[PDB]
Amino acid sequence: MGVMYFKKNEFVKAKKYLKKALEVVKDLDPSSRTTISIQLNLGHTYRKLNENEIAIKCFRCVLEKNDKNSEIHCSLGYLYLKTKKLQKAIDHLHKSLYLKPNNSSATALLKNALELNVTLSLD
Amino acid sequence: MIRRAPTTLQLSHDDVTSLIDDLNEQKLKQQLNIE
Amino acid sequence: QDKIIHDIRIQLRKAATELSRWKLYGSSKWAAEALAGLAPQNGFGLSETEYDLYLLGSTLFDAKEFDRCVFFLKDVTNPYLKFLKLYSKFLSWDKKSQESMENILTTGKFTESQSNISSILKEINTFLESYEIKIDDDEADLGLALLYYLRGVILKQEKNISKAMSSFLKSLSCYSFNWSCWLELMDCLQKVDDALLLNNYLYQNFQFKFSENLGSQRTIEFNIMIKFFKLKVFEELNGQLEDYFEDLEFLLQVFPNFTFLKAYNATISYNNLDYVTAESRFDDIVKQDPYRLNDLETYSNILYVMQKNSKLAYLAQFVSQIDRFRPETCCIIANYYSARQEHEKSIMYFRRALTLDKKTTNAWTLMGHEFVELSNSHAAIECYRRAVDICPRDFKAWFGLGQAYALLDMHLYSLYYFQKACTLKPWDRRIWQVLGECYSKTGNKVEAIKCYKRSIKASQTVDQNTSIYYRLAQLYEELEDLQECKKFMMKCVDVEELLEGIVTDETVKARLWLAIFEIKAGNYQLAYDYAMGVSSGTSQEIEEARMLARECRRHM
């Protein structure tokens, strides 16, 4: 139901129903494609809502739960790229490209990160 | 009875390209102020 | 000293035996070896119906039947006999846990995944949560530290470094004098500012469990291996040292003829690029302990730079004579092949040594260099990457990627790799200059100068600064600062006087442009003076300088 309301670009009831789903399933389903999926979708909804703060933490906890995933790394790099933390997102992009071969959108994001790094002159 | 993987979606191409374009806007305008 | 050294002897006798008892070979070997350098207390909580399982578990582990140990201890409620099963269960997974891309280079054959440790971490968490006595208060004992240590290393496998530090420091508080525990703590830093932050944590927040330890050891500063912790951290990365020299001296007075200290002390000289003193320090170790082979690859690495091939060949013969399948032996032999310009065969022996530990010292990087001379430029960059993943603190690994990408047309990737290595070792003169050279492609001329000027200050000797002065003028030429070009280009002309008039090609270009520039400024007499200053070089510059000399005389 949350993915439904995310597709229609409502971005509100989707978040509400997904938070209800996770709070129902806080105790159980520690692993096995349920907590990861629900938390990733809530973080994805928050990125669409521009509330990047809680999104960084939720993506981080998903990442520490399971490391081998290109999508989570790509989205975390996207989140960091939304702010100015290029030093901490390029490593994520490189590891994401390491995990999965092509990742065309990730390649574009990494390239733009290179032009950003080239432009900037931090000490 | 078995459940498959539930539907999850990742960053699309349209939104990521829009963010790329925006990044070029704020990496294009600021050096005009510097210059 | 007095009773301090005596109190060490008794407690070190412990850390030598229980660590060796519960199958921790690495930690016990250092401690037992420390008895010899230093100038039967038995006890455990076990029952007769459970004591047999330890004998059953220990002797099968020694016979290397790893997997059978897990089955035979399926239901054990002992606080720390559970550790041996999970430790054996962990290594049983690890041996078949080879990443596909690293494996291709690891062998060259060119031909359930990780959920086990996910269960292992959950098994440890469930046991500790349901265990009778937690880590808090004066409870817990030697065995509980091993569980937290085993828990911590598993967390590091999933790149959970932030929680890994908490687990390891928790384990060290319960039981100290465990060397293998501190080695895993080293790889958790991968940064410089956190070391002092962790140093602050040890000095103020951290506390020892005096119940298990002996007298004068609960205190952090009377402890002897906390000095060992400080020695190790400040040699992997220099940074800013605190009491490094003073504490080193005290540990040298104690532990006479301790080979590990001398090897570490000598290794400091190599890190300081003092090769002549390093060999003398290395040589004394060889005489004292000919059959010690650890960190002998550093000895081969120093000899490689001096290119004393005759001595190195005999070094390879001596090491290979007594053992032929240890990682440092194949590494030394492989390093020998680099001296014979047989870079194509040196891969095989680095390949063999890598399979021995697959977590070595900087042997991945030395593997990468031999591909560069072959011009593969694609195996090396992937090979360089693996060294980054294992030890992200290696300067040579990061530098290898940047140097290799410099040859590649896309120089954009070289900036990031050089930047990380720049933070790791800012003291190097080459890296700042190489970063600036690649950064000039970026078109942001301002930041290169800040990089370029720091390269000059860090380059020490002024003679080598002549080449980089000319690089400064060219970048300033891209801007409306031709006057700034002349003043630095004037500086490299002055260095020629300091370098006894080497009149190299770099100053040849410097001299002709200044004469041309002064002619454009109308200073014919001044430009005529540098006109005869180019008395050497290629034919074109001699003819061009003469036309300038001829032109100046016409105008006077």
# chains A, B, ... in the order shown; residues from 1 in each chain; ligands from 1
call {"tool": "closest_atom_pairs", "arguments": {"of": "chain C", "to": "chain A", "cutoff": "12 Å", "atoms": "only C-alpha atoms", "output": "tab-separated table"}}
result
residue	atom	partner	partner_atom	distance
C:99	CA	A:99	CA	10.7
C:100	CA	A:99	CA	10.8
C:101	CA	A:98	CA	9.5
C:102	CA	A:98	CA	11.4
C:113	CA	A:68	CA	10.6
C:114	CA	A:68	CA	9.4
C:115	CA	A:66	CA	10.0
C:117	CA	A:66	CA	11.7
C:118	CA	A:66	CA	9.3
C:119	CA	A:31	CA	10.8
C:121	CA	A:65	CA	11.4
C:122	CA	A:30	CA	10.5
C:155	CA	A:64	CA	9.4
C:156	CA	A:64	CA	10.6
C:157	CA	A:67	CA	9.6
C:158	CA	A:67	CA	6.2
C:159	CA	A:67	CA	7.5
C:160	CA	A:64	CA	6.3
C:161	CA	A:64	CA	9.7
C:162	CA	A:64	CA	9.8
C:163	CA	A:64	CA	9.8
C:164	CA	A:64	CA	11.6
C:382	CA	A:98	CA	10.3
C:385	CA	A:98	CA	9.8
C:386	CA	A:98	CA	10.8
C:388	CA	A:91	CA	11.0
C:389	CA	A:95	CA	9.3
C:392	CA	A:91	CA	11.3
C:410	CA	A:114	CA	10.7
C:411	CA	A:114	CA	9.9
C:412	CA	A:114	CA	6.1
C:413	CA	A:114	CA	6.8
C:414	CA	A:114	CA	9.5
C:415	CA	A:118	CA	7.5
C:416	CA	A:117	CA	7.5
C:417	CA	A:91	CA	10.2
C:418	CA	A:117	CA	11.9
C:419	CA	A:87	CA	9.8
C:420	CA	A:87	CA	9.3
C:422	CA	A:123	CA	10.9
C:423	CA	A:123	CA	10.4
C:426	CA	A:123	CA	12.0
C:435	CA	A:118	CA	11.7
C:436	CA	A:121	CA	11.7
C:438	CA	A:118	CA	10.4
C:439	CA	A:118	CA	7.7
C:440	CA	A:118	CA	9.8
C:441	CA	A:118	CA	9.0
C:442	CA	A:118	CA	5.6
C:443	CA	A:119	CA	8.3
C:444	CA	A:119	CA	6.7
C:445	CA	A:121	CA	9.9
C:446	CA	A:121	CA	8.1
C:447	CA	A:121	CA	5.5
C:448	CA	A:121	CA	8.7
C:449	CA	A:121	CA	10.8
C:450	CA	A:123	CA	8.6
C:451	CA	A:123	CA	8.9
C:454	CA	A:123	CA	11.3
call {"tool": "interface_residues", "arguments": {"of": "chain B", "to": "chain A", "cutoff": "10 Å", "atoms": "only C-alpha atoms", "output": "number ranges by chain"}}
result
B: 4-17, 19-24, 27-28, 31
call {"tool": "write_last_selection", "arguments": {"atoms": "N, CA and C atoms", "output": "mmCIF file, in the first residue's frame"}}
result
data_model
loop_
_atom_site.group_PDB
_atom_site.id
_atom_site.type_symbol
_atom_site.label_atom_id
_atom_site.label_comp_id
_atom_site.auth_asym_id
_atom_site.auth_seq_id
_atom_site.Cartn_x
_atom_site.Cartn_y
_atom_site.Cartn_z
ATOM 1 N N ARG B 4 7.164 -14.108 -2.813
ATOM 2 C CA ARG B 4 8.323 -13.602 -3.533
ATOM 3 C C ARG B 4 8.839 -12.320 -2.878
ATOM 4 N N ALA B 5 9.837 -11.706 -3.494
ATOM 5 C CA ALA B 5 10.373 -10.460 -2.959
ATOM 6 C C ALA B 5 9.330 -9.358 -3.094
ATOM 7 N N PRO B 6 9.059 -8.594 -2.038
ATOM 8 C CA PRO B 6 8.102 -7.495 -2.172
ATOM 9 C C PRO B 6 8.658 -6.395 -3.056
ATOM 10 N N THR B 7 7.744 -5.652 -3.671
ATOM 11 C CA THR B 7 8.130 -4.634 -4.637
ATOM 12 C C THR B 7 8.871 -3.503 -3.932
ATOM 13 N N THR B 8 10.075 -3.216 -4.408
ATOM 14 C CA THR B 8 10.860 -2.085 -3.947
ATOM 15 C C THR B 8 11.409 -1.357 -5.160
ATOM 16 N N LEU B 9 11.502 -0.038 -5.050
ATOM 17 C CA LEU B 9 11.991 0.794 -6.134
ATOM 18 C C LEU B 9 13.148 1.645 -5.640
ATOM 19 N N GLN B 10 14.078 1.902 -6.545
ATOM 20 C CA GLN B 10 15.300 2.633 -6.278
ATOM 21 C C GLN B 10 15.265 3.966 -7.017
ATOM 22 N N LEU B 11 16.382 4.685 -6.970
ATOM 23 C CA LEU B 11 16.483 5.962 -7.662
ATOM 24 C C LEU B 11 16.303 5.751 -9.159
ATOM 25 N N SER B 12 15.336 6.455 -9.741
ATOM 26 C CA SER B 12 15.100 6.373 -11.172
ATOM 27 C C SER B 12 16.165 7.164 -11.927
ATOM 28 N N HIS B 13 16.050 7.172 -13.254
ATOM 29 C CA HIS B 13 16.967 7.959 -14.070
ATOM 30 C C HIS B 13 16.536 9.422 -14.148
ATOM 31 N N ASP B 14 15.226 9.679 -14.183
ATOM 32 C CA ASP B 14 14.741 11.049 -14.332
ATOM 33 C C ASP B 14 15.137 11.919 -13.143
ATOM 34 N N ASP B 15 14.882 11.435 -11.925
ATOM 35 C CA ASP B 15 15.167 12.233 -10.736
ATOM 36 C C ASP B 15 16.666 12.430 -10.544
ATOM 37 N N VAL B 16 17.461 11.395 -10.823
ATOM 38 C CA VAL B 16 18.903 11.530 -10.660
ATOM 39 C C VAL B 16 19.469 12.495 -11.696
ATOM 40 N N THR B 17 18.940 12.473 -12.923
ATOM 41 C CA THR B 17 19.385 13.440 -13.923
ATOM 42 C C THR B 17 18.966 14.855 -13.544
ATOM 43 N N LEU B 19 18.707 15.945 -10.455
ATOM 44 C CA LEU B 19 19.669 16.354 -9.435
ATOM 45 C C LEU B 19 21.016 16.700 -10.058
ATOM 46 N N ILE B 20 21.421 15.977 -11.104
ATOM 47 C CA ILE B 20 22.670 16.304 -11.794
ATOM 48 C C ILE B 20 22.587 17.701 -12.399
ATOM 49 N N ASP B 21 21.462 18.006 -13.048
ATOM 50 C CA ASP B 21 21.271 19.323 -13.650
ATOM 51 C C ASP B 21 21.309 20.407 -12.581
ATOM 52 N N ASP B 22 20.621 20.173 -11.463
ATOM 53 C CA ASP B 22 20.669 21.136 -10.370
ATOM 54 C C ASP B 22 22.101 21.313 -9.880
ATOM 55 N N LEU B 23 22.854 20.220 -9.762
ATOM 56 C CA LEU B 23 24.220 20.345 -9.277
ATOM 57 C C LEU B 23 25.030 21.214 -10.218
ATOM 58 N N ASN B 24 24.838 21.036 -11.525
ATOM 59 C CA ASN B 24 25.454 21.966 -12.462
ATOM 60 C C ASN B 24 24.982 23.408 -12.280
ATOM 61 N N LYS B 27 26.916 24.628 -9.349
ATOM 62 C CA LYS B 27 28.333 24.681 -9.649
ATOM 63 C C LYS B 27 28.650 25.600 -10.827
ATOM 64 N N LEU B 28 27.640 26.238 -11.420
ATOM 65 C CA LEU B 28 27.877 27.210 -12.481
ATOM 66 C C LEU B 28 27.717 28.640 -11.990
ATOM 67 N N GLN B 31 30.799 30.649 -9.300
ATOM 68 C CA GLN B 31 32.070 31.182 -9.777
ATOM 69 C C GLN B 31 31.894 32.521 -10.479
#
call {"tool": "residues_around", "arguments": {"residues": "stretch 246-262 of chain C", "least_positions_apart": "5", "cutoff": "7 Å", "atoms": "only C-alpha atoms", "output": "number ranges by chain"}}
result
C: 37-39, 227, 285
call {"tool": "write_last_selection", "arguments": {"atoms": "N, CA and C atoms", "output": "mmCIF file, in the first residue's frame"}}
result
data_model
loop_
_atom_site.group_PDB
_atom_site.id
_atom_site.type_symbol
_atom_site.label_atom_id
_atom_site.label_comp_id
_atom_site.auth_asym_id
_atom_site.auth_seq_id
_atom_site.Cartn_x
_atom_site.Cartn_y
_atom_site.Cartn_z
ATOM 1 N N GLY C 37 62.755 -12.789 26.002
ATOM 2 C CA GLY C 37 63.329 -11.454 26.029
ATOM 3 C C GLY C 37 63.386 -10.871 27.428
ATOM 4 N N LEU C 38 62.362 -11.133 28.238
ATOM 5 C CA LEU C 38 62.298 -10.563 29.578
ATOM 6 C C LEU C 38 63.464 -11.049 30.430
ATOM 7 N N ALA C 39 64.107 -10.118 31.127
ATOM 8 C CA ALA C 39 65.269 -10.440 31.947
ATOM 9 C C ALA C 39 64.852 -11.114 33.250
ATOM 10 N N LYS C 227 52.126 0.947 26.317
ATOM 11 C CA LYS C 227 53.243 1.490 25.556
ATOM 12 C C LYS C 227 53.351 0.805 24.196
ATOM 13 N N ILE C 285 69.884 -8.168 14.169
ATOM 14 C CA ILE C 285 68.787 -9.094 14.434
ATOM 15 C C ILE C 285 69.065 -10.448 13.795
#
call {"tool": "closest_residue", "arguments": {"among": "A:49, A:86, A:36, A:99", "to": "residue A:61", "atoms": "only C-alpha atoms"}}
result
A:36
call {"tool": "select_by_dssp", "arguments": {"residues": "chain A", "states": "helix (DSSP H, G or I)", "output": "PyMOL selection string"}}
result
chain A and resi 2-7+13-24+35-48+52-65+70-82+87-99+104-119
call {"tool": "atom_distance", "arguments": {"atom1": "atom CA of residue C:175", "atom2": "atom CA of residue C:131"}}
result
18.1 Å
call {"tool": "atom_distance", "arguments": {"atom1": "atom CA of residue C:554", "atom2": "atom CA of residue C:536"}}
result
23.8 Å
call {"tool": "residues_around", "arguments": {"residues": "stretch 16-22 of chain A", "least_positions_apart": "6", "cutoff": "8 Å", "atoms": "only C-alpha atoms", "output": "count of residues only"}}
result
6
call {"tool": "atom_distance", "arguments": {"atom1": "atom CA of residue C:55", "atom2": "atom CA of residue C:20"}}
result
13.6 Å
